[PDB]
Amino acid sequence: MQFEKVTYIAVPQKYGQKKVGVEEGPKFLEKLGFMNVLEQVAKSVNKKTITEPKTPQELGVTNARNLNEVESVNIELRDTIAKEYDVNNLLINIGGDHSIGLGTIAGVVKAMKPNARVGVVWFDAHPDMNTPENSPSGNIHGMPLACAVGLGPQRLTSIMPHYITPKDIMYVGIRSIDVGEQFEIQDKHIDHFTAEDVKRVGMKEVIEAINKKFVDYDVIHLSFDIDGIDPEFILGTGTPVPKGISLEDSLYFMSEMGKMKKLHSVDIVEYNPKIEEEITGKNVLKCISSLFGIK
């Protein structure tokens, strides 16, 4: 039950937010042995590197910071995924900030027929459903799921071949929610477990709910923001939020997601090794290992 190949896309993207270092996520996971983890799962790894923009960061007040760089990266990412996505193998995107989630989901959508049903599990402290009109920061990493459902600037929403819908989303771990996001979650009845919910009901129930929700879907895509995890375990990340998912629960979650036959693509985002390298990187590699059944 081993794969013929893993497609590994490194996405050195920082322009969805303001802190330097998140673009070196892939390079530092490699340093800590990511390729050796992939070696236990496939003899062939096809690595792709998305071009890193090199322009000066826009660090002032704006409603949509460094839109050119988020657009260019997400388009390249979408088109690379569209070509490499394969229901018999595994695709792993390593970020980079969570603005790349627009590109990853667009790419899965592009790879499938127009009538396909694509499910998204979004493991995160944040719903990432703000727009430039309500964003508290102007940081596009807080907007990708809004763009994916068609709420956002044209330059970004048009990256989607067509929109997913709020019924396609399952949140896991959310706990830092803005006014506009609370409105969307309640108004559109978006399925979710907050971190408190997880603590109360257990991760076994979360997995059962995911299995039931996506039973009639064609594929599932997992987008795993490491800041979903409690900051005791994950320090090297730009927006840590207390009272997160335990590492034990996160490993179980990844292990169970990895057994889902409809899952063929996973994003691992928001590792900033310049904030903290070793404890964080090693816990990230545990999560990835657990996804693959290693540990």
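Start at 1 with the first residue shown and count on from there.
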**OP:** Using only the Cα atoms and their B-factors as the entry lists them, report which of 204-212 and 149-157 averages higher.
**Re:** 204-212
Subject >> Of 71-79 and 189-197, the stretch whose C-alpha atoms average the higher B-factor in the entry >> reply: 189-197
Original post:
So among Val269, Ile50, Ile229, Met260, who wins on Cα B-factor in the entry?
Top reply: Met260
Original post:
Say you rank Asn36, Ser265, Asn46, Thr237 by Cα B-factor from the PDB entry; which sits at the top?
Top reply: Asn36
**OP:** Ordered by C-alpha B-factor within the chain, which third holds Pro136? Give me lowest, middle or highest, please.
**Re:** highest
Original post:
What third of its chain, lowest, middle or highest, does the C-alpha temperature factor of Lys274 fall into?
Top reply: middle
Original post:
If you rank every modelled residue in this chain by C-alpha B factor, which third holds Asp124: lowest, middle or highest?
Top reply: lowest
**OP:** Determine, from the deposited record, the chain-internal third of the Cα B-factor for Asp168: lowest, middle or highest.
**Re:** middle
**OP:** Could you say whether, by C-alpha temperature factor, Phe224 belongs to the lowest, middle or highest third of its chain?
**Re:** lowest
